[PDB]
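Colleague: So that we are looking at the same thing, I have put the structure below in structure tokens.
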Amino acid sequence: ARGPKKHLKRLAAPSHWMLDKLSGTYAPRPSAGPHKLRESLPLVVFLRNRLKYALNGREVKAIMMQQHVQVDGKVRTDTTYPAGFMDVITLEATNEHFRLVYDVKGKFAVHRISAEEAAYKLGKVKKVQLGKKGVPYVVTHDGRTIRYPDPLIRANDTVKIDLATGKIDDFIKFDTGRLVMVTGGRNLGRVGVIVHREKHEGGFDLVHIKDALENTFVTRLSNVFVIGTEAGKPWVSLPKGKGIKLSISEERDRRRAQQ
Amino acid sequence: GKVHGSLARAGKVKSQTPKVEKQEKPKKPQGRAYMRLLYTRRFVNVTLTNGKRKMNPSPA
Amino acid sequence: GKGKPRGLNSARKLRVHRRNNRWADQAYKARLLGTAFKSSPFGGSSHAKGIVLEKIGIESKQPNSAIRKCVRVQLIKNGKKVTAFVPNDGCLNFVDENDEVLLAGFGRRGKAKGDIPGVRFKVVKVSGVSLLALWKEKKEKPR
Amino acid sequence: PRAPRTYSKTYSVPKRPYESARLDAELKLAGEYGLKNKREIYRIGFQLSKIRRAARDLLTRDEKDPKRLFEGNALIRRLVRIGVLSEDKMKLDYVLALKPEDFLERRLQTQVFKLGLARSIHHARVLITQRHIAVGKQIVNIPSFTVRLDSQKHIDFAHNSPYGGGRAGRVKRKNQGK
Amino acid sequence: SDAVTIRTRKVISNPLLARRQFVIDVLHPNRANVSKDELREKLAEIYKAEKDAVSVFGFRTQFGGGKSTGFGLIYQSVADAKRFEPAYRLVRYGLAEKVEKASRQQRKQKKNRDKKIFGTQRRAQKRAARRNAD
RNA sequence: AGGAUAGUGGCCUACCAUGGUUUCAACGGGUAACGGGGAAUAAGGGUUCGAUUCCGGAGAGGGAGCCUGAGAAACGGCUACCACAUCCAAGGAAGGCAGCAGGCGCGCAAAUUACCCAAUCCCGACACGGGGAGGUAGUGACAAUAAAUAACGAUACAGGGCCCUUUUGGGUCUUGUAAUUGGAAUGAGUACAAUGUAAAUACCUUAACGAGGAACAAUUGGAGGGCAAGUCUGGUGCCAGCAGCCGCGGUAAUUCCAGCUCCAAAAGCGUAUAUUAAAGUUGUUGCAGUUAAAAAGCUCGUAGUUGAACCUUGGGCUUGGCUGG
Ligand SMILES: [Mg+2]
Ligand SMILES: [Mg+2]
Ligand SMILES: [Mg+2]
Ligand SMILES: [Mg+2]
Ligand SMILES: [Mg+2]
Ligand SMILES: [Mg+2]
Ligand SMILES: [Mg+2]
Ligand SMILES: [Mg+2]
Ligand SMILES: [Mg+2]
Ligand SMILES: [Mg+2]
Ligand SMILES: [Mg+2]
Ligand SMILES: [Mg+2]
Ligand SMILES: [Mg+2]
Ligand SMILES: [Mg+2]
Ligand SMILES: [Mg+2]
Ligand SMILES: [Mg+2]
Ligand SMILES: [Mg+2]
Ligand SMILES: [Mg+2]
Ligand SMILES: [Mg+2]
Ligand SMILES: [Mg+2]
Ligand SMILES: [Mg+2]
Ligand SMILES: [Mg+2]
Ligand SMILES: [Mg+2]
Ligand SMILES: [Mg+2]
Ligand SMILES: [Mg+2]
Ligand SMILES: [Mg+2]
Ligand SMILES: [Mg+2]
Ligand SMILES: [Mg+2]
Ligand SMILES: [Mg+2]
Ligand SMILES: [Mg+2]
Ligand SMILES: [Mg+2]
Ligand SMILES: [Mg+2]
Ligand SMILES: [Mg+2]
Ligand SMILES: [Mg+2]
Ligand SMILES: [Mg+2]
Ligand SMILES: [Mg+2]
Ligand SMILES: [Mg+2]
Ligand SMILES: [Mg+2]
Ligand SMILES: [Mg+2]
Ligand SMILES: [Mg+2]
Ligand SMILES: [Mg+2]
Ligand SMILES: [Mg+2]
Ligand SMILES: [Mg+2]
Ligand SMILES: [Mg+2]
Ligand SMILES: [Mg+2]
Ligand SMILES: [Mg+2]
Ligand SMILES: [Mg+2]
Ligand SMILES: [Mg+2]
Ligand SMILES: [Mg+2]
Ligand SMILES: [Mg+2]
Ligand SMILES: [Mg+2]
Ligand SMILES: [Mg+2]
Ligand SMILES: [Mg+2]
Ligand SMILES: [Mg+2]
Ligand SMILES: [Mg+2]
Ligand SMILES: [Mg+2]
Ligand SMILES: [Mg+2]
Ligand SMILES: [Mg+2]
Ligand SMILES: [Mg+2]
Ligand SMILES: [Mg+2]
Ligand SMILES: [Mg+2]
Ligand SMILES: [Mg+2]
Ligand SMILES: [Mg+2]
Ligand SMILES: [Mg+2]
């Protein structure tokens, strides 16, 4: 079609943004960046629709042009910057640090974290291979390239990013029993431990995950993110709900008792 | 079929119908009021004759 | 066995046989043959404008005896000539030669109605003014 | 362009236009509840016709089915909430037994007349249409406003109405002011 | 009679834009409504802020009257307010003058007329004048 | 094997084989055919539609060829031809609304040559500029929601309802009648004003104004049957006309033209066309084939469809989860 698209129709925006139909014709098209278009959250949506700090798109540009917003320890002024999973957003004027972790309902939760936890991040290793001059490197889920990794680190592992120097503090090998959050599919946002990895050469490997309520679900390996060395030991603070999916009847019962 | 005929008698009856003006009668109620009028006329003051019920009885 | 195949793998025979046999439905034939598009004077439209050629009058069918007062109209869209009935007592006097009339069907969907022979259309408007409005003296003919 | 805005019809007409049994039943039913036209009866029948369809689908499911338990109880709870269904008939078999007069009982027009605030049901509609009746602290001028059970006790004259402690209306001010 | 009552809800402190923002509920029985100018005076007294640091907009009266709901902003200073405000609200409050420009048709026609000239206008019109020896 | 391409590849070339598809419908033709998400109708099964708010594709009068660029065979870029067509001083020059508005034509068929970047977003060197993208208003009975056109008395008068009562004669409380009598209530409209908005309009609120024939007056179709509602009155007299169909009209027409009355739906009602249900009149569910339409004159027969029965059963042991109670 003669070139790249630059617009995003309101109806064609990702459903987890929870945009309303009638507010306009278009939706914020996320810029190119560390995260995929479908799996990102533009900063305009976060500052106006989620936090409701800004009343409109004019105000979010005013906020970011004064250098307030930092993503992963660097000031960002791109209003449609594609923030994604495990990204850290810092607003030192409000003294707030957020991490983008999925809640069990499939959306990006407003998850406040402490300043101490905001000093690092986790990244899923996509590939390990040799660069020029024979230097090995690791590519994380947010497009980061880290040179000289621990030689034991392989793909599908999770590394702990120092997030100020970009180096690896330590890692978690992908194996049975590791704590996992699902980052894709209809089980998105659920948290459990690996029960069984089912291999399919030439196809898609499937991972069996057990919930804290001993509920079992299956999801693709591409949707598996290792977040802990064992059950109950996540390397980052989990959002409210701890990634346990409740049935609608259970949710209705819980809502009745709370109110 | 054979098709032809004199056109001179077009509008014969309507032209020679004697014009009669409408008597300036009271307006009928509109909306909810008209449904109220019909309901009583059919279920409150029944005008039936031992099983003979007529909506528009001609004078006889 | 009811004279039609019943096997679980005989869907092709059933599908083709039904497809072949719907051609016996004349309603189905007219939809796919496009007979309204090809053969109908209106070309499939609900209405059509035309020019009045002459006022003539059609004798009714037996056992009725009357003069159904129609006009000969040449359609603007395709130049075809059709006969259109002029409804109501005396509306033929509202229609003159070389007037522009809007036509519509008689409602029998391509067949003649009643005792009127060979007429499948009726006059709706003349000179852009409703014939019913003229009959009830709501409007006057622009002339 | 902008996303389309959804809309839907809220009634359905009968298949047979002329039927004395149905015509008499409708007029008898319209006269009892002071309705403006037959469409207000069609509207109740339409929404009751689709309530039954929903109930039939759940009743074909096995008992203790998760969908039947969740949506069946919710539908019953909603019907109990508006006072149409009695508190001792929450079985989804009495839902099928519901009748259009159950729904017309819960209209604002019916409750205003039945609370003694009006002389007749036709006085109720004009009182409602003329902004005299308020539910809670909100003026409601829709006769078909369905009164909830918890809103039932709060039907009274509007605080700024001539009949409810407000000032005198337009007509009285013209007479007593001369 | 009067007795205007003001309630604030959904209050958010927003140092990013150096302001506090909230939803405003106005109870005005026996009163058509409260003007924005009158709400700004009342809001300044309630929260001990400068009148020029208070902005209200988007008001609507409920059915039957006696109550309105809107949105309000209070800045830490008038200087902060003048920086983070739309132009049309400052014109509403008298803090700015409505900029005077030609109609959109005139601006567009002038833009397209200038598109036919390469170089300075002085050169273009002097050369055009030379051609018309008149 | 090479060439070319960003790259695979008969994509192209050289040489060489004779292959490739097809009754499981190739190939060809038609399409009043852009595909899909979806729409109408729907017991179930279905039938019909989808130019059109989102996604993908294609095009910018018809072809073809290109420049720039990461990206175009781009057309609000160029080059050439064809068809249209503009200015000219006659030497020459310049075009592309299937963008917005608007005009002509076509037609049964579709709105303003309006305001604005305030919102939604996009572009740029960019906190600032631009955006007929977009938003706002205008026209708008396409469809959809809610919903006025009156309510209540007072008497009169009638009946029922009761009670004083045997009836009688009354008291008296429920309806109906009242050119038979009142005082209340309100928004349609208008309007200070405030709100609304970029600025307005409108909505919502709200001073003052704003209802008795409350002329602030509901219409559209019908009244033989189907199909609800006239054997009323006048006119015509196989004429005029009605009538989807059956039928009506020749001097008291239940059907025409009218008046009265009544019926149905009502801010909507009718007509034309298409489509869906009704249609078990396309039938897989679920039709019919002696005589109503319909067993090839009779056998053979390829593809297609369809094809007898039979192979670890029973028993025993422990055994969890639950469901009567
Ligand atoms: Mg990247
Ligand atoms: Mg980053
Ligand atoms: Mg054929
Ligand atoms: Mg035939
Ligand atoms: Mg068909
Ligand atoms: Mg066709
Ligand atoms: Mg016959
Ligand atoms: Mg001829
Ligand atoms: Mg015409
Ligand atoms: Mg009846
Ligand atoms: Mg310039
Ligand atoms: Mg210039
Ligand atoms: Mg090769
Ligand atoms: Mg190649
Ligand atoms: Mg087709
Ligand atoms: Mg086509
Ligand atoms: Mg199609
Ligand atoms: Mg479509
Ligand atoms: Mg389409
Ligand atoms: Mg087309
Ligand atoms: Mg459409
Ligand atoms: Mg498209
Ligand atoms: Mg193109
Ligand atoms: Mg064109
Ligand atoms: Mg273009
Ligand atoms: Mg081109
Ligand atoms: Mg163009
Ligand atoms: Mg050019
Ligand atoms: Mg010269
Ligand atoms: Mg031009
Ligand atoms: Mg245009
Ligand atoms: Mg139209
Ligand atoms: Mg126009
Ligand atoms: Mg803008
Ligand atoms: Mg526009
Ligand atoms: Mg709007
Ligand atoms: Mg409408
Ligand atoms: Mg009116
Ligand atoms: Mg007005
Ligand atoms: Mg006004
Ligand atoms: Mg203003
Ligand atoms: Mg009439
Ligand atoms: Mg009939
Ligand atoms: Mg009848
Ligand atoms: Mg007579
Ligand atoms: Mg019939
Ligand atoms: Mg006579
Ligand atoms: Mg007669
Ligand atoms: Mg009769
Ligand atoms: Mg008739
Ligand atoms: Mg008559
Ligand atoms: Mg009615
Ligand atoms: Mg069916
Ligand atoms: Mg047939
Ligand atoms: Mg049959
Ligand atoms: Mg069946
Ligand atoms: Mg049959
Ligand atoms: Mg048969
Ligand atoms: Mg048959
Ligand atoms: Mg025979
Ligand atoms: Mg034989
Ligand atoms: Mg043969
Ligand atoms: Mg065979
Ligand atoms: Mg077998």
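Identifiers in the structure tokens: chain A, B, ... in order shown; residue index from 1 per chain; ligand index from 1 in order shown.
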Apply DSSP to the backbone of this structure and, from region 41-119 of chain E, keep only the residues in strand (DSSP E or B); write these as a PyMOL selection string.

Modeller: chain E and resi 54-61+67-75

Colleague: Go ahead and save the picked residues with N, CA and C atoms, as a JSON list (two decimals), in the first residue's frame.

Modeller:
[["chain", "number", "residue", "atom", "x", "y", "z"],
["E", 54, "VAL", "N", -8.09, 30.06, 39.79],
["E", 54, "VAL", "CA", -9.22, 29.14, 39.80],
["E", 54, "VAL", "C", -9.86, 29.15, 38.42],
["E", 55, "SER", "N", -10.08, 27.96, 37.86],
["E", 55, "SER", "CA", -10.71, 27.79, 36.55],
["E", 55, "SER", "C", -11.83, 26.76, 36.64],
["E", 56, "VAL", "N", -13.01, 27.13, 36.14],
["E", 56, "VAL", "CA", -14.16, 26.22, 36.09],
["E", 56, "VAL", "C", -14.72, 26.20, 34.68],
["E", 57, "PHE", "N", -15.31, 25.07, 34.30],
["E", 57, "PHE", "CA", -15.81, 24.88, 32.94],
["E", 57, "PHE", "C", -16.65, 23.61, 32.89],
["E", 58, "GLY", "N", -17.38, 23.44, 31.79],
["E", 58, "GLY", "CA", -18.13, 22.23, 31.52],
["E", 58, "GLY", "C", -19.27, 21.94, 32.48],
["E", 59, "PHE", "N", -20.08, 22.95, 32.77],
["E", 59, "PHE", "CA", -21.17, 22.81, 33.73],
["E", 59, "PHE", "C", -22.47, 22.40, 33.05],
["E", 60, "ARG", "N", -23.25, 21.58, 33.75],
["E", 60, "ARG", "CA", -24.57, 21.18, 33.26],
["E", 60, "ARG", "C", -25.51, 21.04, 34.44],
["E", 61, "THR", "N", -26.73, 21.56, 34.27],
["E", 61, "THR", "CA", -27.74, 21.49, 35.31],
["E", 61, "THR", "C", -28.58, 20.23, 35.17],
["E", 67, "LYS", "N", -29.25, 21.99, 40.91],
["E", 67, "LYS", "CA", -27.97, 21.31, 41.06],
["E", 67, "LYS", "C", -27.25, 21.30, 39.72],
["E", 68, "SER", "N", -25.95, 21.57, 39.76],
["E", 68, "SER", "CA", -25.08, 21.56, 38.59],
["E", 68, "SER", "C", -23.79, 20.81, 38.91],
["E", 69, "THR", "N", -23.17, 20.24, 37.88],
["E", 69, "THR", "CA", -21.91, 19.52, 38.04],
["E", 69, "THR", "C", -20.93, 20.01, 36.99],
["E", 70, "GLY", "N", -19.68, 20.22, 37.41],
["E", 70, "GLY", "CA", -18.64, 20.66, 36.49],
["E", 70, "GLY", "C", -17.24, 20.19, 36.84],
["E", 71, "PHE", "N", -16.23, 20.88, 36.31],
["E", 71, "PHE", "CA", -14.83, 20.56, 36.56],
["E", 71, "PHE", "C", -14.10, 21.83, 36.94],
["E", 72, "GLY", "N", -13.14, 21.72, 37.86],
["E", 72, "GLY", "CA", -12.43, 22.88, 38.36],
["E", 72, "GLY", "C", -10.94, 22.64, 38.48],
["E", 73, "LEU", "N", -10.17, 23.72, 38.27],
["E", 73, "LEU", "CA", -8.72, 23.69, 38.44],
["E", 73, "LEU", "C", -8.29, 24.84, 39.34],
["E", 74, "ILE", "N", -7.36, 24.55, 40.25],
["E", 74, "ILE", "CA", -6.74, 25.57, 41.09],
["E", 74, "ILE", "C", -5.23, 25.45, 40.98],
["E", 75, "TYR", "N", -4.58, 26.48, 40.46],
["E", 75, "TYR", "CA", -3.13, 26.48, 40.29],
["E", 75, "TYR", "C", -2.43, 27.05, 41.53]]

Colleague: When you look at residue 117 (chain C) with a cut-off of 9 Å (counting only C-alpha atoms (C1' of nucleotides)), what residues show up, excluding the ones that are within fewer than 2 positions of it in the same chain? I need them as a ChimeraX atom specification.

Modeller: /B:1 /C:58-61,112-115,119-120

Colleague: When the cut-off is 9 Å and you count only C-alpha atoms (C1' of nucleotides) and all ligand atoms, which residues lie near ligand 55, shown as a PyMOL selection string?

Modeller: chain F and resi 279-281+287-288

Colleague: What lies within 9 Å of residue 1 (chain D) using only C-alpha atoms (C1' of nucleotides), ignoring chain neighbours under 5 positions off, as a PyMOL selection string?

Modeller: (chain A and resi 9+24-26) or (chain F and resi 53+134)

Colleague: Step by step, measure atom-to-atom distances between ligand 61 and each residue using only C-alpha atoms (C1' of nucleotides) and all ligand atoms, keep those at most 10 Å, then write them as an NGL selection string.

Modeller: :F and (295-298)

Colleague: Given the selection you just returned, output its residues as a file containing N, CA and C atoms (P, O5', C5', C4', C3', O3' and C1' of nucleotides), formatted as a PDB file, in the first residue's frame.

Modeller:
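Result went into again-v6.pdb, see below:
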ATOM      1  P     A F 295     -43.018 -39.639 -16.197  1.00  0.00           P
ATOM      2  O5'   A F 295     -42.615 -40.435 -14.881  1.00  0.00           O
ATOM      3  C5'   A F 295     -42.932 -41.817 -14.751  1.00  0.00           C
ATOM      4  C4'   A F 295     -41.764 -42.696 -15.137  1.00  0.00           C
ATOM      5  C3'   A F 295     -42.092 -44.181 -15.260  1.00  0.00           C
ATOM      6  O3'   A F 295     -41.236 -44.781 -16.233  1.00  0.00           O
ATOM      7  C1'   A F 295     -40.492 -43.888 -13.575  1.00  0.00           C
ATOM      8  P     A F 296     -41.336 -44.416 -17.793  1.00  0.00           P
ATOM      9  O5'   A F 296     -40.412 -43.133 -17.984  1.00  0.00           O
ATOM     10  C5'   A F 296     -39.015 -43.198 -17.721  1.00  0.00           C
ATOM     11  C4'   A F 296     -38.195 -42.782 -18.917  1.00  0.00           C
ATOM     12  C3'   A F 296     -37.955 -43.915 -19.918  1.00  0.00           C
ATOM     13  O3'   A F 296     -37.911 -43.362 -21.237  1.00  0.00           O
ATOM     14  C1'   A F 296     -35.902 -43.080 -19.194  1.00  0.00           C
ATOM     15  P     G F 297     -39.063 -43.720 -22.297  1.00  0.00           P
ATOM     16  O5'   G F 297     -39.189 -45.301 -22.207  1.00  0.00           O
ATOM     17  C5'   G F 297     -40.460 -45.921 -22.127  1.00  0.00           C
ATOM     18  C4'   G F 297     -40.382 -47.376 -22.494  1.00  0.00           C
ATOM     19  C3'   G F 297     -39.303 -48.180 -21.787  1.00  0.00           C
ATOM     20  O3'   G F 297     -39.698 -48.624 -20.505  1.00  0.00           O
ATOM     21  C1'   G F 297     -39.233 -48.624 -24.104  1.00  0.00           C
ATOM     22  P     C F 298     -38.608 -48.801 -19.338  1.00  0.00           P
ATOM     23  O5'   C F 298     -37.826 -50.129 -19.735  1.00  0.00           O
ATOM     24  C5'   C F 298     -38.531 -51.334 -19.996  1.00  0.00           C
ATOM     25  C4'   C F 298     -37.614 -52.391 -20.550  1.00  0.00           C
ATOM     26  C3'   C F 298     -36.310 -52.525 -19.791  1.00  0.00           C
ATOM     27  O3'   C F 298     -36.469 -53.338 -18.645  1.00  0.00           O
ATOM     28  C1'   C F 298     -35.859 -52.404 -22.101  1.00  0.00           C
TER      29        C F 298
END

Colleague: Could you make a table, as JSON lines, of the residues of chain B that have an atom within 6 Å of an atom of chain C, each with its nearest atom pair and distance in Å to one decimal, counting only C-alpha atoms, in chain and number order?

Modeller:
{"residue": "B:3", "atom": "CA", "partner": "C:58", "partner_atom": "CA", "distance": 5.1}
{"residue": "B:4", "atom": "CA", "partner": "C:57", "partner_atom": "CA", "distance": 5.6}
{"residue": "B:5", "atom": "CA", "partner": "C:57", "partner_atom": "CA", "distance": 5.5}
{"residue": "B:10", "atom": "CA", "partner": "C:90", "partner_atom": "CA", "distance": 5.0}
{"residue": "B:11", "atom": "CA", "partner": "C:90", "partner_atom": "CA", "distance": 3.5}

Colleague: For chain A against chain E, with a cut-off of 7 Å and counting only C-alpha atoms, what is the closest atom pair and its distance in Å to one decimal for every residue that makes the cut, ordered by chain and number, as JSON lines?

Modeller:
{"residue": "A:53", "atom": "CA", "partner": "E:14", "partner_atom": "CA", "distance": 6.6}
{"residue": "A:63", "atom": "CA", "partner": "E:16", "partner_atom": "CA", "distance": 6.1}
{"residue": "A:93", "atom": "CA", "partner": "E:16", "partner_atom": "CA", "distance": 6.4}
{"residue": "A:94", "atom": "CA", "partner": "E:15", "partner_atom": "CA", "distance": 6.6}

Colleague: Starting from chain F, keep only residues with some atom at most 9 Å from an atom of chain D, counting only C-alpha atoms (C1' of nucleotides), and report them as a VMD selection string.

Modeller: chain F and resid 53 to 54 134 144 to 148 150 to 152 184 to 187 227 to 228 264 to 266

Colleague: I'd like the neighbourhood of region 237-244 of chain F as number ranges by chain, where a residue qualifies if any of its atoms comes within 6 Å (using only C-alpha atoms (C1' of nucleotides)), though same-chain residues fewer than 5 positions away should be ignored.

Modeller: B: 12-13; C: 65, 89; F: 256

Colleague: Pick out the residues sitting within 12 Å of residue 153 (chain D), and hand them over as a ChimeraX atom specification; count only C-alpha atoms (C1' of nucleotides), and ignore anything fewer than 5 positions along from it in its own chain.

Modeller: /D:111-112,115,134-136,147-148

Colleague: Those same residues - C-alpha atoms - I'd like them written as a PDB file, in the first residue's frame.

Modeller:
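Written out: part.pdb:
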ATOM      1  CA  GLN D 111     -47.808   3.923  41.481  1.00  0.00           C
ATOM      2  CA  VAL D 112     -48.779   7.617  41.602  1.00  0.00           C
ATOM      3  CA  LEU D 115     -50.392   5.900  46.293  1.00  0.00           C
ATOM      4  CA  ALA D 134     -40.232  13.473  42.055  1.00  0.00           C
ATOM      5  CA  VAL D 135     -38.598  10.162  42.985  1.00  0.00           C
ATOM      6  CA  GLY D 136     -36.027  10.780  45.687  1.00  0.00           C
ATOM      7  CA  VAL D 147     -40.246   2.019  40.128  1.00  0.00           C
ATOM      8  CA  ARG D 148     -37.753  -0.101  42.036  1.00  0.00           C
TER       9      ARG D 148
END

Colleague: Nearest to ligand 63: which of F:203, F:303, F:194, F:223 is it, counting only C-alpha atoms (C1' of nucleotides) and all ligand atoms?

Modeller: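 Using only C-alpha atoms (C1' of nucleotides) and all ligand atoms, ligand 63 sits closest to F:303.
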
Colleague: Give me the residues within 7 Å of residue 85 (chain C) as a VMD selection string, counting only C-alpha atoms (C1' of nucleotides) and dropping any in the same chain fewer than 6 places off.

Modeller: chain C and resid 69 to 71 119 121 to 123

Colleague: Would you list the residues that come within 10 Å of ligand 16? Count only C-alpha atoms (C1' of nucleotides) and all ligand atoms and give the answer as a PyMOL selection string.

Modeller: chain F and resi 31-34+51

Colleague: Neighbouring residues of ligand 2 are defined here as those with any atom at most 8 Å from a ligand atom, counting only C-alpha atoms (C1' of nucleotides) and all ligand atoms; list them as a list in words.

Modeller: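 Going residue by residue within 8 Å of ligand 2, we get residues 33, 34, 71, 72, 83, 87, 142, 143 and 144 of chain A.
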
Colleague: List all protein, DNA and RNA residues that have an atom no more than 12 Å from any atom of ligand 10, counting only C-alpha atoms (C1' of nucleotides) and all ligand atoms, and report them as number ranges by chain.

Modeller: B: 38-39, 41-43, 53-56; D: 17-28; F: 227-229, 262-264

Colleague: List all protein, DNA and RNA residues that have any atom at most 9 Å from ligand 39, counting only C-alpha atoms (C1' of nucleotides) and all ligand atoms, and write the list as a PyMOL selection string.

Modeller: chain F and resi 188-191
